[PDB]
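Novice: structure here, sequence nowhere to be found:
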């Protein structure tokens, strides 16, 4: 499950 | 899961800088971001900026004209916010909050930063003399906060202590009031106990019918 | 840059009924690539830090009971609270995270709706000890009233005095769901001694006509 911290800042 | 613990209250003169900290503990996340959010007395929430330490990324708000710098110490798992060129308008409670894939899931307890040219000053305490009402006026102190109790804390029913107001003089003022059975006046004594820790003040004042 | 608005400003709810508050964004909060809508809701109880309620428009944060729900389009959002209880009193904020800078709505205040209750009004003259200081305060207390809206006018020898008073109001008290309010008039002592009758006039929905409490200086 990928992790979205902010706008344009999503991580595997 | 996570607990965020913030540094203690700060009092600064205009033009000075202040550095706040936010230490994270509890569970560990490989990816997270920490933001700072401020709230001026009686006002709404304002996002100030954030950092994503694992990625080396930061985001700031233009309005603050580069006066905010956010840094992280990986070793101590602590995040800092430094705010420069302070003015009276930066007086506020500052929160840190963490994002780990949802929203701001966890928040710090807040830290009051007071920016003023005023000097530390203990309050004057005046009786407000008279169901009957009576109270104490706690006036001309700096900075926040004061504490007020009645009859050494044994009188709590019917007590209201108002939030302080900032006077145009730069000093704070508040009243604490209590309502009591009219027949009990003169059969009972009423004393307000005022503490102002920043000025090492402790004052008791008896409140009587004149 | 994205402007967030909320409605209403204040929302009284009777115990066990449903609160519905709205939020509007000036732009779509839909991320059409990952398919989520980045709208969050937060509660700040009186004197506490904000706490998470909703994320991605309709998902509940951990520990949030199912009587809180989020819904909406991509621009117009609704937070629904069923079975409202005293612990739900506070300010609710929406916040967008589709774009930097993150922006908050102005907050909607929820309180517990009870029957209208008129204030008990009290006026206090300055103490002899304050008179010696050269500056005096006259305090008007409005005690235990509902709803929060109330107005205070100061009169000196019957004439309206504006410009030198400040007010302060309590949060809603959980014991009787009421508010209290103080109004403080600050004067030089030389001014204070130059007049005689000091009065505060109180207007509130619970009062059929404005109530005035007064004293005569020295009496």
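Specialist: Arrived safely. Residues are numbered from 1 along each chain as shown, chains lettered A, B, ... in the order given.
Novice: what does chain A put close to chain C?
Specialist: For chain A, the contact set with chain C under C-beta under 8 Å from any C-beta of the partner chain comprises A:4, A:6, A:7, A:10. Backbone N, C-alpha and C define where each C-beta goes, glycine included.
Novice: element containing the last one?
Specialist: Right, the one you point to is residue A:10. Using DSSP states H and E, residue A:10 sits in strand A:9-11.
Novice: right, and residue C:14 touches residue C:113 too?
Specialist: Yes. Using C-beta atoms under 8 Å as the test, residue C:14 is close enough to residue C:113 to be in contact (4.7 Å).
Novice: tell me how many other residues surround the residue nearest to residue C:161 when sequence neighbours are not counted.
Specialist: Nearest residue to residue C:161, sequence neighbours excluded (C-beta to C-beta, 6 or more residues apart in numbering or on different chains): residue C:154, at 4.6 Å. Look at residue C:154: counted by other C-beta atoms under 10 Å in any protein chain shown, it has 22 neighbours.
Novice: how's chain B carved up into domains?
Specialist: Per curated CATH domains, the domain ranges recorded for chain B read B:1-117, B:118-210.
Novice: ok, the residue positioned nearest the centre of chain A to residue C:103 distance?
Specialist: Using C-alpha atoms, centre = their mean, the residue of chain A that lies closest to the mean C-alpha position is residue A:10, 1.6 Å off. Distance, residue A:10 to residue C:103, by C-beta to C-beta, to the nearest Å: 20 Å.
Novice: residue C:199 now?
Specialist: Applying C-beta to C-beta to residue C:199 and residue C:103 gives a distance of 46 Å.
Novice: ok, back up a step: just the buried ones from the residues of chain A next to chain C?
Specialist: Neighbour counting with 16 or more other C-beta atoms under 10 Å in any protein chain shown marks A:4, A:6, A:7 as buried within these.
Novice: I'd say the first one and residue B:103 touch.
Specialist: No. Using C-beta under 8 Å, residue A:4 is not in contact with residue B:103; the gap is 10.5 Å.
Novice: quick revisit: so of the residues of chain A next to chain C, which ones are in helices?
Specialist: Using DSSP state H, no member of those falls in helices.
Novice: turn the residues you listed into CSV, including distance to residue C:171.
Specialist: Shown next, in CSV, are the residues of chain A next to chain C (distance: C-beta to C-beta, whole Å):
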residue, distance to residue C:171
A:4, 36
A:6, 33
A:7, 35
A:10, 40
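Novice: so of these, which ones are in strands?
Specialist: A:4, A:6, A:10 (DSSP state E).
Novice: check the secondary structure at residue C:190 for me.
Specialist: Three-state call for residue C:190 (DSSP: H, G, I helix; E, B strand; the rest coil): helix.
Novice: and the helices in chain C, which stretches?
Specialist: Under the criterion DSSP H, helices of chain C are mapped to C:128-131, C:189-193.
Novice: okay if I get the ones you listed as TSV plus mean neighbour count and distance to residue B:30?
Specialist: Shown next, in TSV, are the helices of chain C (neighbours: other C-beta atoms under 10 Å in any protein chain shown; distance: least, C-beta to C-beta, whole Å):
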stretch	mean neighbour count	distance to residue B:30
helix C:128-131	14	61
helix C:189-193	15	66
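Novice: tell me which of the ones you listed lies nearest to chain B.
Specialist: Of all the helices of chain C, helix C:128-131 sits nearest to chain B, with 4.8 Å by C-beta to the nearest C-beta.
Novice: list, one by one, the residues from chain C near chain A.
Specialist: Neighbours of chain A within chain C, by C-beta under 8 Å from any C-beta: C:34, C:36, C:38, C:97, C:98, C:99, C:100, C:102.
Novice: pipe the residues you listed into a markdown table and attach neighbour count and distance to residue C:126 per row.
Specialist: Output for these, formatted as a markdown table (neighbours: other C-beta atoms under 10 Å in any protein chain shown; distance: C-beta to C-beta, whole Å):
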| residue | neighbour count | distance to residue C:126 |
| --- | --- | --- |
| C:34 | 12 | 65 |
| C:36 | 17 | 61 |
| C:38 | 22 | 55 |
| C:97 | 23 | 52 |
| C:98 | 20 | 56 |
| C:99 | 16 | 55 |
| C:100 | 18 | 53 |
| C:102 | 26 | 48 |
